[PDB]
$ cat my_file30.txt   # compact mmCIF, N, CA and C atoms and all ligand atoms
# COMPACT_ATOMS: atom_id res chain seq x y z
N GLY A 13 22.91 -1.28 4.21
CA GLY A 13 21.53 -0.77 4.03
C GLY A 13 20.63 -1.86 3.46
N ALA A 14 19.37 -1.50 3.19
CA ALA A 14 18.37 -2.50 2.87
C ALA A 14 18.67 -3.14 1.51
N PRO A 15 19.01 -2.37 0.44
CA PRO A 15 19.23 -2.97 -0.87
C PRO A 15 20.34 -4.00 -0.72
N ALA A 16 21.46 -3.60 -0.13
CA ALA A 16 22.58 -4.49 0.15
C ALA A 16 22.12 -5.82 0.74
N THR A 17 21.38 -5.79 1.86
CA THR A 17 20.86 -6.99 2.51
C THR A 17 20.10 -7.89 1.52
N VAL A 18 19.40 -7.28 0.57
CA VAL A 18 18.60 -8.04 -0.38
C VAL A 18 19.51 -8.65 -1.45
N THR A 19 20.47 -7.87 -1.96
CA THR A 19 21.48 -8.40 -2.86
C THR A 19 22.00 -9.69 -2.23
N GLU A 20 22.51 -9.61 -0.99
CA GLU A 20 23.28 -10.69 -0.41
C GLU A 20 22.34 -11.83 0.00
N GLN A 21 21.22 -11.53 0.67
CA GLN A 21 20.40 -12.54 1.35
C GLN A 21 19.04 -12.77 0.69
N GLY A 22 18.67 -11.99 -0.33
CA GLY A 22 17.34 -12.05 -0.90
C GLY A 22 17.18 -13.24 -1.84
N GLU A 23 15.95 -13.69 -2.01
CA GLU A 23 15.72 -14.85 -2.87
C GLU A 23 15.25 -14.38 -4.24
N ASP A 24 15.59 -15.19 -5.23
CA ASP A 24 15.28 -14.93 -6.62
C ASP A 24 13.91 -15.52 -6.89
N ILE A 25 12.90 -14.65 -6.91
CA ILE A 25 11.56 -15.15 -7.17
C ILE A 25 11.24 -15.07 -8.66
N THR A 26 12.23 -14.87 -9.55
CA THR A 26 11.98 -14.86 -11.00
C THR A 26 11.89 -16.30 -11.50
N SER A 27 11.17 -16.47 -12.63
CA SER A 27 10.99 -17.76 -13.28
C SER A 27 12.29 -18.25 -13.92
N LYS A 28 12.92 -17.34 -14.67
CA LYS A 28 14.13 -17.62 -15.41
C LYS A 28 15.32 -17.83 -14.48
N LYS A 29 15.19 -17.39 -13.22
CA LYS A 29 16.27 -17.48 -12.23
C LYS A 29 17.40 -16.54 -12.65
N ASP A 30 17.07 -15.28 -12.94
CA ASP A 30 18.05 -14.36 -13.49
C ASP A 30 18.38 -13.27 -12.49
N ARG A 31 17.95 -13.47 -11.24
CA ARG A 31 18.15 -12.54 -10.12
C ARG A 31 17.59 -11.15 -10.45
N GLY A 32 16.55 -11.10 -11.29
CA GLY A 32 15.93 -9.84 -11.65
C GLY A 32 15.02 -9.32 -10.53
N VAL A 33 14.58 -10.23 -9.64
CA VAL A 33 13.67 -9.89 -8.56
C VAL A 33 14.08 -10.67 -7.31
N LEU A 34 14.56 -9.91 -6.32
CA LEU A 34 15.04 -10.48 -5.07
C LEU A 34 14.14 -9.96 -3.95
N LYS A 35 13.80 -10.87 -3.02
CA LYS A 35 12.77 -10.61 -2.02
C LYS A 35 13.22 -11.12 -0.65
N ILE A 36 13.04 -10.25 0.36
CA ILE A 36 13.07 -10.66 1.75
C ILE A 36 11.75 -10.27 2.37
N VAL A 37 11.20 -11.17 3.18
CA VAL A 37 10.04 -10.87 4.01
C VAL A 37 10.54 -10.19 5.28
N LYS A 38 10.11 -8.96 5.53
CA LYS A 38 10.59 -8.21 6.68
C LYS A 38 9.58 -8.34 7.81
N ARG A 39 8.30 -8.51 7.49
CA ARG A 39 7.28 -8.81 8.49
C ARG A 39 6.33 -9.84 7.89
N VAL A 40 6.13 -10.95 8.61
CA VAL A 40 5.27 -12.02 8.14
C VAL A 40 3.80 -11.57 8.20
N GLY A 41 3.00 -12.08 7.25
CA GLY A 41 1.56 -11.83 7.23
C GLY A 41 0.73 -12.92 7.91
N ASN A 42 -0.58 -12.84 7.67
CA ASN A 42 -1.58 -13.69 8.31
C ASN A 42 -2.15 -14.66 7.28
N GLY A 43 -2.31 -15.92 7.70
CA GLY A 43 -2.85 -16.96 6.83
C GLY A 43 -1.80 -17.43 5.83
N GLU A 44 -2.20 -18.39 4.97
CA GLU A 44 -1.32 -18.94 3.95
C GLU A 44 -1.70 -18.42 2.55
N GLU A 45 -2.82 -17.69 2.43
CA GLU A 45 -3.39 -17.29 1.15
C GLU A 45 -2.66 -16.09 0.55
N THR A 46 -2.33 -16.18 -0.75
CA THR A 46 -1.73 -15.08 -1.50
C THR A 46 -2.59 -14.80 -2.74
N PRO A 47 -2.57 -13.55 -3.28
CA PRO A 47 -3.54 -13.13 -4.29
C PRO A 47 -3.41 -13.78 -5.66
N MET A 48 -4.56 -14.01 -6.30
CA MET A 48 -4.62 -14.52 -7.66
C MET A 48 -4.54 -13.39 -8.68
N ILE A 49 -4.15 -13.73 -9.90
CA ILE A 49 -4.23 -12.79 -11.00
C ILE A 49 -5.66 -12.28 -11.09
N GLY A 50 -5.78 -10.96 -11.27
CA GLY A 50 -7.06 -10.30 -11.49
C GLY A 50 -7.66 -9.80 -10.18
N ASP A 51 -7.09 -10.24 -9.05
CA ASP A 51 -7.51 -9.75 -7.75
C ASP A 51 -7.19 -8.26 -7.64
N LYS A 52 -8.07 -7.53 -6.95
CA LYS A 52 -7.80 -6.14 -6.63
C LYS A 52 -6.94 -6.12 -5.36
N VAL A 53 -5.81 -5.42 -5.45
CA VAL A 53 -4.83 -5.39 -4.39
C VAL A 53 -4.67 -3.98 -3.82
N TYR A 54 -4.39 -3.95 -2.52
CA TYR A 54 -4.28 -2.74 -1.71
C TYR A 54 -2.94 -2.79 -0.99
N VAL A 55 -2.06 -1.82 -1.26
CA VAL A 55 -0.73 -1.83 -0.67
C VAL A 55 -0.36 -0.43 -0.22
N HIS A 56 0.54 -0.38 0.77
CA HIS A 56 1.41 0.76 0.94
C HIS A 56 2.80 0.40 0.43
N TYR A 57 3.54 1.40 -0.03
CA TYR A 57 4.88 1.15 -0.52
C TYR A 57 5.74 2.38 -0.30
N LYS A 58 7.03 2.11 -0.16
CA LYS A 58 8.08 3.08 -0.37
C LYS A 58 8.97 2.49 -1.45
N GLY A 59 9.36 3.34 -2.40
CA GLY A 59 10.30 2.95 -3.43
C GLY A 59 11.42 3.98 -3.54
N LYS A 60 12.53 3.54 -4.11
CA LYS A 60 13.65 4.42 -4.38
C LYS A 60 14.47 3.77 -5.49
N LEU A 61 15.36 4.56 -6.10
CA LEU A 61 16.40 4.02 -6.96
C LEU A 61 17.41 3.40 -6.00
N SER A 62 17.99 2.24 -6.34
CA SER A 62 18.80 1.53 -5.36
C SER A 62 19.87 2.46 -4.78
N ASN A 63 20.51 3.28 -5.63
CA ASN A 63 21.35 4.37 -5.17
C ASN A 63 21.03 5.59 -6.03
N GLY A 64 20.31 6.57 -5.46
CA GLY A 64 19.83 7.71 -6.22
C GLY A 64 18.96 8.64 -5.39
N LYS A 65 18.53 9.74 -6.01
CA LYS A 65 17.86 10.82 -5.30
C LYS A 65 16.34 10.68 -5.36
N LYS A 66 15.80 9.84 -6.24
CA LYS A 66 14.35 9.77 -6.37
C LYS A 66 13.84 8.72 -5.36
N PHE A 67 12.78 9.12 -4.67
CA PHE A 67 12.18 8.38 -3.58
C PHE A 67 10.67 8.62 -3.66
N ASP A 68 9.86 7.57 -3.56
CA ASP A 68 8.41 7.72 -3.72
C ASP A 68 7.68 6.82 -2.72
N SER A 69 6.49 7.25 -2.28
CA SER A 69 5.77 6.62 -1.19
C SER A 69 4.27 6.92 -1.28
N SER A 70 3.46 5.89 -1.00
CA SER A 70 2.01 6.01 -0.86
C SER A 70 1.66 6.58 0.50
N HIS A 71 2.48 6.27 1.52
CA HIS A 71 2.31 6.78 2.88
C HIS A 71 2.27 8.31 2.83
N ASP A 72 3.05 8.92 1.92
CA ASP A 72 3.13 10.37 1.79
C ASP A 72 1.75 10.93 1.47
N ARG A 73 1.12 10.42 0.41
CA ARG A 73 -0.21 10.88 0.02
C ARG A 73 -1.31 10.19 0.85
N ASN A 74 -0.91 9.36 1.83
CA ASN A 74 -1.80 8.73 2.81
C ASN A 74 -3.02 8.07 2.18
N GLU A 75 -2.98 7.79 0.86
CA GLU A 75 -3.93 6.90 0.20
C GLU A 75 -3.19 5.61 -0.12
N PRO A 76 -3.79 4.42 0.14
CA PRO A 76 -3.24 3.15 -0.36
C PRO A 76 -3.16 3.15 -1.88
N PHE A 77 -2.14 2.47 -2.41
CA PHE A 77 -2.03 2.19 -3.84
C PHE A 77 -2.81 0.92 -4.18
N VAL A 78 -3.67 1.03 -5.21
CA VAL A 78 -4.59 -0.03 -5.58
C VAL A 78 -4.36 -0.34 -7.05
N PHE A 79 -4.25 -1.64 -7.36
CA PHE A 79 -4.00 -2.12 -8.70
C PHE A 79 -4.56 -3.54 -8.81
N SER A 80 -4.72 -3.97 -10.07
CA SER A 80 -5.22 -5.29 -10.42
C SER A 80 -4.02 -6.15 -10.77
N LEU A 81 -3.88 -7.21 -9.98
CA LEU A 81 -2.68 -8.00 -9.92
C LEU A 81 -2.58 -8.80 -11.20
N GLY A 82 -1.36 -8.86 -11.73
CA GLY A 82 -1.05 -9.79 -12.81
C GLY A 82 -1.43 -9.28 -14.20
N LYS A 83 -1.93 -8.03 -14.35
CA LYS A 83 -2.41 -7.55 -15.64
C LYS A 83 -1.39 -6.65 -16.33
N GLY A 84 -0.19 -6.48 -15.76
CA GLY A 84 0.81 -5.55 -16.26
C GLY A 84 0.44 -4.07 -16.11
N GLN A 85 -0.42 -3.73 -15.14
CA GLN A 85 -0.73 -2.35 -14.77
C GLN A 85 0.35 -1.72 -13.89
N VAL A 86 1.31 -2.55 -13.44
CA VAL A 86 2.49 -2.08 -12.75
C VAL A 86 3.71 -2.77 -13.33
N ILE A 87 4.90 -2.35 -12.96
CA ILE A 87 6.07 -3.04 -13.47
C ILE A 87 5.96 -4.54 -13.14
N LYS A 88 6.52 -5.37 -14.02
CA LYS A 88 6.44 -6.83 -13.92
C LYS A 88 6.92 -7.31 -12.55
N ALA A 89 7.85 -6.61 -11.91
CA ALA A 89 8.41 -7.14 -10.67
C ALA A 89 7.33 -7.16 -9.59
N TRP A 90 6.34 -6.25 -9.74
CA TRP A 90 5.31 -6.12 -8.73
C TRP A 90 4.26 -7.19 -8.87
N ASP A 91 3.96 -7.55 -10.11
CA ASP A 91 3.07 -8.64 -10.41
C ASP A 91 3.68 -9.93 -9.85
N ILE A 92 4.98 -10.09 -10.04
CA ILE A 92 5.68 -11.29 -9.57
C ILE A 92 5.68 -11.29 -8.04
N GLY A 93 6.10 -10.16 -7.47
CA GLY A 93 6.41 -10.08 -6.06
C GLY A 93 5.16 -10.07 -5.19
N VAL A 94 4.20 -9.20 -5.54
CA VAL A 94 3.03 -9.06 -4.70
C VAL A 94 2.24 -10.37 -4.65
N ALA A 95 2.30 -11.17 -5.73
CA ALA A 95 1.63 -12.45 -5.79
C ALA A 95 2.22 -13.44 -4.78
N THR A 96 3.45 -13.20 -4.30
CA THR A 96 4.07 -14.12 -3.38
C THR A 96 3.74 -13.69 -1.96
N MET A 97 2.97 -12.62 -1.77
CA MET A 97 2.80 -12.04 -0.45
C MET A 97 1.46 -12.41 0.17
N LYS A 98 1.44 -12.41 1.51
CA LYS A 98 0.24 -12.68 2.27
C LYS A 98 -0.28 -11.35 2.84
N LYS A 99 -1.57 -11.32 3.18
CA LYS A 99 -2.18 -10.17 3.81
C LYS A 99 -1.41 -9.86 5.08
N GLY A 100 -0.95 -8.61 5.19
CA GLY A 100 -0.27 -8.14 6.39
C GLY A 100 1.24 -8.31 6.30
N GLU A 101 1.70 -8.96 5.24
CA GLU A 101 3.12 -9.09 4.97
C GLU A 101 3.67 -7.72 4.56
N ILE A 102 4.88 -7.44 5.05
CA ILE A 102 5.75 -6.43 4.47
C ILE A 102 6.97 -7.13 3.88
N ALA A 103 7.36 -6.74 2.67
CA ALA A 103 8.47 -7.35 1.97
C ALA A 103 9.37 -6.27 1.39
N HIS A 104 10.61 -6.67 1.07
CA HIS A 104 11.60 -5.84 0.43
C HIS A 104 11.90 -6.51 -0.90
N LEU A 105 11.85 -5.71 -1.97
CA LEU A 105 12.11 -6.19 -3.30
C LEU A 105 13.29 -5.40 -3.87
N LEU A 106 14.26 -6.12 -4.46
CA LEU A 106 15.30 -5.49 -5.27
C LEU A 106 15.18 -5.99 -6.72
N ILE A 107 15.08 -5.02 -7.64
CA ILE A 107 14.57 -5.24 -8.99
C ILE A 107 15.54 -4.69 -10.03
N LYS A 108 16.03 -5.57 -10.93
CA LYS A 108 16.80 -5.18 -12.11
C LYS A 108 15.93 -4.46 -13.15
N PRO A 109 16.50 -3.62 -14.05
CA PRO A 109 15.69 -2.80 -14.95
C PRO A 109 14.84 -3.58 -15.94
N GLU A 110 15.11 -4.89 -16.10
CA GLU A 110 14.34 -5.71 -17.02
C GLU A 110 12.93 -5.98 -16.50
N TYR A 111 12.77 -5.92 -15.17
CA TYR A 111 11.51 -6.17 -14.49
C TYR A 111 10.95 -4.84 -14.00
N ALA A 112 11.56 -3.75 -14.46
CA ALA A 112 11.19 -2.42 -14.05
C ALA A 112 10.99 -1.58 -15.31
N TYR A 113 11.84 -0.55 -15.58
CA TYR A 113 11.56 0.39 -16.66
C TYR A 113 12.56 0.29 -17.82
N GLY A 114 13.44 -0.72 -17.79
CA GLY A 114 14.30 -1.03 -18.93
C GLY A 114 15.28 0.10 -19.31
N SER A 115 15.86 -0.03 -20.50
CA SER A 115 16.78 0.97 -21.03
C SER A 115 16.09 2.32 -21.29
N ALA A 116 14.79 2.31 -21.60
CA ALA A 116 14.09 3.53 -21.97
C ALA A 116 13.82 4.38 -20.72
N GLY A 117 13.73 3.72 -19.55
CA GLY A 117 13.48 4.45 -18.31
C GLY A 117 12.12 5.15 -18.35
N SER A 118 11.98 6.25 -17.59
CA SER A 118 10.71 6.96 -17.48
C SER A 118 10.91 8.26 -16.70
N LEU A 119 11.46 9.27 -17.38
CA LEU A 119 11.66 10.58 -16.76
C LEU A 119 10.33 11.20 -16.32
N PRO A 120 10.29 12.08 -15.28
CA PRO A 120 11.48 12.59 -14.59
C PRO A 120 12.12 11.63 -13.59
N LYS A 121 11.39 10.58 -13.21
CA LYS A 121 11.60 9.87 -11.95
C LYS A 121 12.59 8.72 -12.11
N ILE A 122 12.53 8.01 -13.23
CA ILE A 122 13.33 6.82 -13.43
C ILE A 122 14.33 7.10 -14.53
N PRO A 123 15.65 6.98 -14.25
CA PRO A 123 16.65 6.89 -15.30
C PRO A 123 16.65 5.56 -16.06
N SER A 124 17.52 5.55 -17.08
CA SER A 124 17.82 4.42 -17.93
C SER A 124 18.46 3.29 -17.12
N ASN A 125 18.05 2.06 -17.37
CA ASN A 125 18.69 0.88 -16.81
C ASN A 125 18.76 0.94 -15.28
N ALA A 126 17.71 1.52 -14.65
CA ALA A 126 17.67 1.75 -13.21
C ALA A 126 17.29 0.48 -12.44
N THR A 127 18.02 0.19 -11.37
CA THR A 127 17.61 -0.80 -10.39
C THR A 127 16.76 -0.09 -9.34
N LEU A 128 15.64 -0.71 -8.98
CA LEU A 128 14.70 -0.16 -8.02
C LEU A 128 14.66 -1.06 -6.79
N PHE A 129 14.37 -0.41 -5.66
CA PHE A 129 14.12 -1.06 -4.39
C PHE A 129 12.78 -0.59 -3.83
N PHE A 130 11.98 -1.54 -3.36
CA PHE A 130 10.69 -1.26 -2.76
C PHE A 130 10.57 -2.01 -1.43
N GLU A 131 10.04 -1.27 -0.44
CA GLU A 131 9.35 -1.83 0.71
C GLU A 131 7.85 -1.77 0.46
N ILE A 132 7.18 -2.93 0.48
CA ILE A 132 5.77 -3.05 0.16
C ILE A 132 5.05 -3.75 1.29
N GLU A 133 3.94 -3.14 1.75
CA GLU A 133 3.03 -3.76 2.70
C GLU A 133 1.75 -4.19 1.95
N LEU A 134 1.40 -5.48 2.02
CA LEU A 134 0.18 -5.95 1.39
C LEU A 134 -0.96 -5.85 2.39
N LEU A 135 -1.92 -4.97 2.10
CA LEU A 135 -2.95 -4.64 3.07
C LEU A 135 -4.12 -5.59 2.90
N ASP A 136 -4.56 -5.77 1.65
CA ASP A 136 -5.77 -6.53 1.37
C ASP A 136 -5.74 -6.99 -0.08
N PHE A 137 -6.54 -8.01 -0.41
CA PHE A 137 -6.82 -8.34 -1.79
C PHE A 137 -8.25 -8.87 -1.87
N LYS A 138 -8.97 -8.41 -2.91
CA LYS A 138 -10.37 -8.74 -3.15
C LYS A 138 -10.53 -9.35 -4.55
N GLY A 139 -11.47 -10.29 -4.68
CA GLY A 139 -11.85 -10.83 -5.98
C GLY A 139 -12.33 -9.75 -6.94
N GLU A 140 -11.88 -9.87 -8.20
CA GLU A 140 -12.49 -9.17 -9.33
C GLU A 140 -13.98 -9.54 -9.37
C1 LIG A 201 7.19 5.61 -13.88
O1 LIG A 201 6.84 6.77 -13.16
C2 LIG A 201 6.59 6.57 -11.85
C3 LIG A 201 7.17 5.58 -11.04
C4 LIG A 201 6.85 5.50 -9.68
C5 LIG A 201 7.41 4.56 -8.78
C6 LIG A 201 7.20 3.15 -9.29
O2 LIG A 201 8.08 2.64 -9.98
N1 LIG A 201 6.06 2.48 -9.06
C7 LIG A 201 4.85 2.97 -8.30
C8 LIG A 201 4.16 1.88 -7.50
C9 LIG A 201 3.98 0.68 -8.35
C10 LIG A 201 5.29 0.19 -8.78
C11 LIG A 201 5.88 1.20 -9.78
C12 LIG A 201 5.02 1.50 -10.92
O3 LIG A 201 4.61 0.62 -11.69
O4 LIG A 201 4.67 2.81 -11.09
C13 LIG A 201 4.04 3.33 -12.33
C14 LIG A 201 2.52 3.21 -12.16
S1 LIG A 201 1.64 1.96 -12.83
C15 LIG A 201 0.10 2.61 -12.12
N2 LIG A 201 0.39 3.71 -11.42
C16 LIG A 201 1.72 4.03 -11.45
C17 LIG A 201 2.31 5.26 -10.74
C18 LIG A 201 8.92 4.83 -8.70
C19 LIG A 201 9.16 6.27 -8.39
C20 LIG A 201 10.66 6.52 -8.09
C21 LIG A 201 11.23 5.57 -6.95
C22 LIG A 201 11.02 4.20 -7.47
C23 LIG A 201 9.56 3.91 -7.62
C24 LIG A 201 5.94 6.42 -9.21
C25 LIG A 201 5.37 7.40 -10.01
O5 LIG A 201 4.48 8.30 -9.48
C26 LIG A 201 3.40 7.72 -8.69
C27 LIG A 201 5.70 7.47 -11.34
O6 LIG A 201 5.18 8.42 -12.22
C28 LIG A 201 3.76 8.77 -12.13

$ encode --input "my_file30.txt" --output "structure tokens"
Amino acid sequence: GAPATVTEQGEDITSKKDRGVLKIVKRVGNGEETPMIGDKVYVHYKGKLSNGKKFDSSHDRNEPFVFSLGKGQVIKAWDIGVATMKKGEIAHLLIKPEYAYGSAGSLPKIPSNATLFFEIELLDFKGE
């Protein structure tokens, strides 16, 4: 399955090189430009616990997810990962709990020490 493929073949886009954030590009985007900190970002995503019952998606509510990149308004893995993406890129991220919700987790949806997997499509990014 997809998490497996990322474990085995995904690249470590973390600074510390601690395999906390692994990424495969599943569909290439357009241009060479990727978003700066503070840029307004527009994405679709599907997320799940790497092995678990909780599953979440923006496609479901058919509204794009919008956040300000690099400000810690999302889990750290997203600030790291989305910054490496180009407009129109779809990527797969596998994320250790240190770059996600840690030991404390976040009920109802996230257990303790949870590894997360996301498919993310980067739709657009605009200047602050
Ligand atoms: C921590 O609680 C939540 C977490 C998420 C998802 C999640 O982890 N997300 C949502 C998309 C951005 C990445 C990450 C996150 O930072 O979510 C919390 C934030 S930060 C601003 N808005 C949200 C929902 C998880 C749900 C279970 C499968 C794995 C992804 C969505 C959630 O509902 C939208 C949510 O509670 C509101």

$ residues_near_ligand --input "my_file30.txt" --ligand "ligand LIG 201 (chain A)" --cutoff "8 Å" --atoms "only N, CA and C atoms and all ligand atoms" --output "JSON, numbers by chain"
{"A": [57, 58, 59, 60, 61, 62, 65, 66, 67, 68, 69, 70, 77, 78, 79, 84, 85, 86, 87, 88, 89, 90, 91, 112, 113, 117, 118, 119, 120, 121, 122, 123, 127, 128, 129, 130]}

$ residues_near_point --input "my_file30.txt" --point "(15.3, -4.5, -11.7)" --cutoff "7 Å" --atoms "only C-alpha atoms" --output "list in words"
residues 32, 33, 106, 107, 108, 109, 110, 111, 112, 126, 127 and 128 of chain A

$ select_by_dssp --input "my_file30.txt" --residues "chain A" --states "strand (DSSP E or B)" --output "PyMOL selection string"
chain A and resi 23-24+33-39+52-61+67-69+77-80+102-107+118+122+128-138

$ write_last_selection --input "my_file30.txt" --atoms "N, CA and C atoms" --output "compact mmCIF listing (two decimals), in the coordinates of the input"
# COMPACT_ATOMS: atom_id res chain seq x y z
N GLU A 23 15.95 -13.69 -2.01
CA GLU A 23 15.72 -14.85 -2.87
C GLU A 23 15.25 -14.38 -4.24
N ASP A 24 15.59 -15.19 -5.23
CA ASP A 24 15.28 -14.93 -6.62
C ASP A 24 13.91 -15.52 -6.89
N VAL A 33 14.58 -10.23 -9.64
CA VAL A 33 13.67 -9.89 -8.56
C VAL A 33 14.08 -10.67 -7.31
N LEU A 34 14.56 -9.91 -6.32
CA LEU A 34 15.04 -10.48 -5.07
C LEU A 34 14.14 -9.96 -3.95
N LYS A 35 13.80 -10.87 -3.02
CA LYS A 35 12.77 -10.61 -2.02
C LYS A 35 13.22 -11.12 -0.65
N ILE A 36 13.04 -10.25 0.36
CA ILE A 36 13.07 -10.66 1.75
C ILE A 36 11.75 -10.27 2.37
N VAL A 37 11.20 -11.17 3.18
CA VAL A 37 10.04 -10.87 4.01
C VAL A 37 10.54 -10.19 5.28
N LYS A 38 10.11 -8.96 5.53
CA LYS A 38 10.59 -8.21 6.68
C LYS A 38 9.58 -8.34 7.81
N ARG A 39 8.30 -8.51 7.49
CA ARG A 39 7.28 -8.81 8.49
C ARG A 39 6.33 -9.84 7.89
N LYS A 52 -8.07 -7.53 -6.95
CA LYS A 52 -7.80 -6.14 -6.63
C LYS A 52 -6.94 -6.12 -5.36
N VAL A 53 -5.81 -5.42 -5.45
CA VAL A 53 -4.83 -5.39 -4.39
C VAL A 53 -4.67 -3.98 -3.82
N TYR A 54 -4.39 -3.95 -2.52
CA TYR A 54 -4.28 -2.74 -1.71
C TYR A 54 -2.94 -2.79 -0.99
N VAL A 55 -2.06 -1.82 -1.26
CA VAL A 55 -0.73 -1.83 -0.67
C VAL A 55 -0.36 -0.43 -0.22
N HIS A 56 0.54 -0.38 0.77
CA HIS A 56 1.41 0.76 0.94
C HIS A 56 2.80 0.40 0.43
N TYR A 57 3.54 1.40 -0.03
CA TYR A 57 4.88 1.15 -0.52
C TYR A 57 5.74 2.38 -0.30
N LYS A 58 7.03 2.11 -0.16
CA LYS A 58 8.08 3.08 -0.37
C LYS A 58 8.97 2.49 -1.45
N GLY A 59 9.36 3.34 -2.40
CA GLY A 59 10.30 2.95 -3.43
C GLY A 59 11.42 3.98 -3.54
N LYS A 60 12.53 3.54 -4.11
CA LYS A 60 13.65 4.42 -4.38
C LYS A 60 14.47 3.77 -5.49
N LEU A 61 15.36 4.56 -6.10
CA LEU A 61 16.40 4.02 -6.96
C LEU A 61 17.41 3.40 -6.00
N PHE A 67 12.78 9.12 -4.67
CA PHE A 67 12.18 8.38 -3.58
C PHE A 67 10.67 8.62 -3.66
N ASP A 68 9.86 7.57 -3.56
CA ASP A 68 8.41 7.72 -3.72
C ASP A 68 7.68 6.82 -2.72
N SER A 69 6.49 7.25 -2.28
CA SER A 69 5.77 6.62 -1.19
C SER A 69 4.27 6.92 -1.28
N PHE A 77 -2.14 2.47 -2.41
CA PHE A 77 -2.03 2.19 -3.84
C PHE A 77 -2.81 0.92 -4.18
N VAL A 78 -3.67 1.03 -5.21
CA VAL A 78 -4.59 -0.03 -5.58
C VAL A 78 -4.36 -0.34 -7.05
N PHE A 79 -4.25 -1.64 -7.36
CA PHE A 79 -4.00 -2.12 -8.70
C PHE A 79 -4.56 -3.54 -8.81
N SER A 80 -4.72 -3.97 -10.07
CA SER A 80 -5.22 -5.29 -10.42
C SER A 80 -4.02 -6.15 -10.77
N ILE A 102 4.88 -7.44 5.05
CA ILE A 102 5.75 -6.43 4.47
C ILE A 102 6.97 -7.13 3.88
N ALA A 103 7.36 -6.74 2.67
CA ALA A 103 8.47 -7.35 1.97
C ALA A 103 9.37 -6.27 1.39
N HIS A 104 10.61 -6.67 1.07
CA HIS A 104 11.60 -5.84 0.43
C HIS A 104 11.90 -6.51 -0.90
N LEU A 105 11.85 -5.71 -1.97
CA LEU A 105 12.11 -6.19 -3.30
C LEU A 105 13.29 -5.40 -3.87
N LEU A 106 14.26 -6.12 -4.46
CA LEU A 106 15.30 -5.49 -5.27
C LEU A 106 15.18 -5.99 -6.72
N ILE A 107 15.08 -5.02 -7.64
CA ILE A 107 14.57 -5.24 -8.99
C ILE A 107 15.54 -4.69 -10.03
N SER A 118 11.98 6.25 -17.59
CA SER A 118 10.71 6.96 -17.48
C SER A 118 10.91 8.26 -16.70
N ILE A 122 12.53 8.01 -13.23
CA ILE A 122 13.33 6.82 -13.43
C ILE A 122 14.33 7.10 -14.53
N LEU A 128 15.64 -0.71 -8.98
CA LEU A 128 14.70 -0.16 -8.02
C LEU A 128 14.66 -1.06 -6.79
N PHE A 129 14.37 -0.41 -5.66
CA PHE A 129 14.12 -1.06 -4.39
C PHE A 129 12.78 -0.59 -3.83
N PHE A 130 11.98 -1.54 -3.36
CA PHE A 130 10.69 -1.26 -2.76
C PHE A 130 10.57 -2.01 -1.43
N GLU A 131 10.04 -1.27 -0.44
CA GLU A 131 9.35 -1.83 0.71
C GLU A 131 7.85 -1.77 0.46
N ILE A 132 7.18 -2.93 0.48
CA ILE A 132 5.77 -3.05 0.16
C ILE A 132 5.05 -3.75 1.29
N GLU A 133 3.94 -3.14 1.75
CA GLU A 133 3.03 -3.76 2.70
C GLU A 133 1.75 -4.19 1.95
N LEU A 134 1.40 -5.48 2.02
CA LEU A 134 0.18 -5.95 1.39
C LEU A 134 -0.96 -5.85 2.39
N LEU A 135 -1.92 -4.97 2.10
CA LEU A 135 -2.95 -4.64 3.07
C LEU A 135 -4.12 -5.59 2.90
N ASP A 136 -4.56 -5.77 1.65
CA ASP A 136 -5.77 -6.53 1.37
C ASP A 136 -5.74 -6.99 -0.08
N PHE A 137 -6.54 -8.01 -0.41
CA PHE A 137 -6.82 -8.34 -1.79
C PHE A 137 -8.25 -8.87 -1.87
N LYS A 138 -8.97 -8.41 -2.91
CA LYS A 138 -10.37 -8.74 -3.15
C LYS A 138 -10.53 -9.35 -4.55

$ residues_near_point --input "my_file30.txt" --point "(-0.5, -17.6, 1.9)" --cutoff "7 Å" --atoms "all atoms listed in the file" --output "ChimeraX atom specification"
/A:42-47,96-99

$ atom_distance --input "my_file30.txt" --atom1 "atom N of residue 53 of chain A" --atom2 "atom N of residue 93 of chain A"
13.0 Å

$ atom_distance --input "my_file30.txt" --atom1 "atom C of residue 80 of chain A" --atom2 "atom N of residue 51 of chain A"
5.4 Å

$ closest_residue --input "my_file30.txt" --among "A:140, A:23, A:72, A:81" --to "residue 95 of chain A" --atoms "only C-alpha atoms"
A:81

$ closest_residue --input "my_file30.txt" --among "A:102, A:116, A:134, A:94" --to "residue 25 of chain A" --atoms "only C-alpha atoms"
A:94

$ atom_distance --input "my_file30.txt" --atom1 "atom CA of residue 100 of chain A" --atom2 "atom C of residue 17 of chain A"
20.9 Å

$ axis_aligned_box --input "my_file30.txt" --around "segment 100-107 of chain A" --padding-each-side "4 Å" --output "lines of an AutoDock Vina configuration file"
center_x = 7.3
center_y = -6.9
center_z = -1.8
size_x = 24.5
size_y = 12.4
size_z = 24.4
